[PDB]
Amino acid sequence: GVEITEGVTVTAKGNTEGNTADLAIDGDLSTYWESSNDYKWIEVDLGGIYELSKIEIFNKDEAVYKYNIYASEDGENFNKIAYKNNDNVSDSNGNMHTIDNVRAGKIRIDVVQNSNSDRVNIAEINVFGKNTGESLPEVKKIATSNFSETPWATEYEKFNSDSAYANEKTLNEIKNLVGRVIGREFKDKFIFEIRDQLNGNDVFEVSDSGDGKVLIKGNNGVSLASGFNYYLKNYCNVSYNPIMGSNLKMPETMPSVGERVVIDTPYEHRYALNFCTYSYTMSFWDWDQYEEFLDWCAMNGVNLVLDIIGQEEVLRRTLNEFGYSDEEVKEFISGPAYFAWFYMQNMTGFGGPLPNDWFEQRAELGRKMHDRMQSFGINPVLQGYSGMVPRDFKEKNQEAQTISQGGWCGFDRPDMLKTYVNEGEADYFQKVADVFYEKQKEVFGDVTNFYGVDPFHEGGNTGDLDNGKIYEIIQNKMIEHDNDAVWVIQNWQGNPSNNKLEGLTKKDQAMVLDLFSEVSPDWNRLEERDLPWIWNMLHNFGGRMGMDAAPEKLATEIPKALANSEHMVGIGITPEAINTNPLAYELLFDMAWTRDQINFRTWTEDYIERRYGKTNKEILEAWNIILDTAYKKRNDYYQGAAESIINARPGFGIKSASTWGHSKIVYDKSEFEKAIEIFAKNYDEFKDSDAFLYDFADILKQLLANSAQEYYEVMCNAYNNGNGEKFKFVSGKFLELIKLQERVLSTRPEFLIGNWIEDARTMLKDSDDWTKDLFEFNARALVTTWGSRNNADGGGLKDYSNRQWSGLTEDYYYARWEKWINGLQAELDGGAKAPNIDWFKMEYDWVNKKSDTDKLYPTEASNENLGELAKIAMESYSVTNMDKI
């Protein structure tokens, strides 16, 4: 094990001025590399492959550093060979790590923590090993297939050109949906038929075949699956929701339909998904989860779906034509949990770089999905182009004209190409837009006419440019590459302004999603300008959880809008995550199949019976309590469910966990608790229904969140009044309340942080330790600090995506409240005034832990008895009995 003192080089992706990467290997403890951004790692090339025995690391000062060390012997796979995670200070002796004679040609050191500073540093790194005499192999450049080369193109064109082949494909796939949803044994109890549209509208039919089979007709795959769904819900008491709880118990014999049914929808489009859904929910989904979602979409009538899968390969091909290497593209693109804000032009780089094999795998996932969407008749919304480029685009393309977009929550927005230039100037918008659309075809082929792009989303800068001309040129360029193109435009807090929208010269080739129609509708100005538009329920913000829904508005306002408009072309959901309140989403898509207002109370009565497989007068009573409290119609502005005090940074006078959220419970808390009492009383009868268990946990965790808020206010008066003994008692019950909450959360697999993290770590096959640790960082950061310090704090993003999740509650939310409570108690006991707590440092310490070295979170839910937990909460942690407590 001889020290390697020749041929050693190093790179980094960032450094503060005069603290370059090479200063970590110059044999001088007085010079150091220091990080300047969130790339906190350096990569050492050893000038050959050595079997390493020791790695020695010196820091620039005496802080507590934590870091992870990776090695590669093939040039591609960097696996973890050592780490420091104890709390020892660095000193002048350095830290020496034993390596077990691991072959390595390259080494990565990632300094994730410095107790003294946001920035990390390495003064010296020495490596000890024996030469093997071998050199690393040249690593294969990124290669991806053109669509036309693949079997996907063959199958896609065959569907297009052969109506008989396509109908057989659609009918066979619908049969496969039946098998996946309710069981293979039910596939041959259904006969599916393509029919025509009913006077220009999508339509389905359900009826008896004559021999005890169910005959379902529909004009395309979505209508057929919606007919299948209609039959399950109205004749089988069955309810399908692969994300939020199902009752799939089929009768012993197929129920007969009786009088035939024909049902159509007046909406050309039924739309689903926010850009944000691709991050807060779908970041680590595999094909199995996409297939389920599409089965559920088709069954709920969905036929228009935002689709950004594999767009990284589209952008790689595009930027490669303008002076960007693959490595530079990977630095530009974000990590896997941040594509929502990368493609909305809000942020770059953070969470990356993506692995090299990312690009082909995701292009293949996208092609897989377009085949299934084609079978069903679901239109994807691919990408438009508006001028997004990296900030160094002019450095590489000197004649290009760009506009700096400034910051977004402490992130650097990408630049924007000037949408038009002067005569004599080069028009790189035309150049890059031409390539972008052409490369998108190369990756996926002609799969849709709908394209989504949103310049100046939540900021940016229009420079000297005219707002209307900008939108005129973007649309014209889109139509140039697809004559039937429809630009799908988000409508969010009054933007894009009327002046922007009036620049659209082809109104029929634009479609505006009114993003927030169930709380802050903004479609009148779209309707006035004869712009096709869609009525959308947003409902969910950041995946933040709680009992919250607007069923009365859905049942009334949607048909009212259709009766008072001419350019309402559909309805949709725009949730930032799909993880809460399945009633809201079931009801929205149901409103596609009526032109009249419906009764939301009686609809809910039918819904819960098929959701639980059974019903009675007590369960119905509890849900009418829910309808009169958490789901009651309101007329204020609010973003998502009222937040749980448990999830907020501890402090005085807290009114929300997120920056733009709300913690006020607008219903009577003791009234709502009656729903929990009724669920507990009927637990033993309904416990065989997983959806009942799902909803029980939902209302019970809402109960403990509601009561915790009351205990916090008491806890706060005790301190402000100096009553130490009372504070100790109230805060003791508070922490005990959270402990009980953790047990409730533990019962649901949907609430386990271990599932979120494991999905991140396993979403690619044959990925190295480096990639797994980096993906886990994406998963941990998104639901806590969101970004690093300037994003969480100065940017306002801290706890934006806070989740009432198992494990995360124990190790994050409880830990914060415990540390704050201990500080206040010491002060009240005659100690020094409680220090200010740098919350972000503590939070980022959890963000950077790894599942394979620190603590592995479970993927299996517990067996705790919700009914029993409900009794404990009512007796010892409730609002009703709070004065006895």
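Numbers for residues come from their place in the sequence shown, where the first is 1.
On mean Cα temperature factor in this entry, is 710 to 718 or 259 to 267 the higher one? Of 259 to 267 and 710 to 718, the stretch with the higher C-alpha B-factor average is 710 to 718.
Which has higher Cα B-factors on average according to the PDB entry: 528 to 536 or 294 to 302? Higher mean C-alpha B-factor in the PDB entry: 528 to 536.
Looking at 131, 741, 771, 246, which has the highest CA B-factor as recorded? Comparing C-alpha B-factors across 131, 741, 771, 246, the top value belongs to 131.
When you compare the CA B-factors of 746, 374, 219, 88 as listed in the entry, which one comes out on top? Highest CA B-factor of the listed options: 88.
Using the B-factor values recorded in the entry, state whether the Cα atom of residue 836 falls in the lowest, middle or highest third among the modelled residues of its chain. Its C-alpha B-factor belongs to the highest third of this chain's values.
Classify residue 10 as lowest, middle or highest third according to the C-alpha B-factor given in the PDB entry, relative to its own chain. Tercile = highest for this residue's CA B-factor.
Third of the chain's Cα B-factor distribution that residue 324 belongs to, per the entry: Residue 324: CA B-factor falls in the highest third of its chain.
Quick one: classify residue 553 as lowest, middle or highest third of the chain based on its Cα B-factor. Lowest third.
When the modelled residues of the chain are sorted by Cα temperature factor, does residue 330 land in the lowest, middle or highest third? Answer is middle: the recorded C-alpha B-factor places it there.
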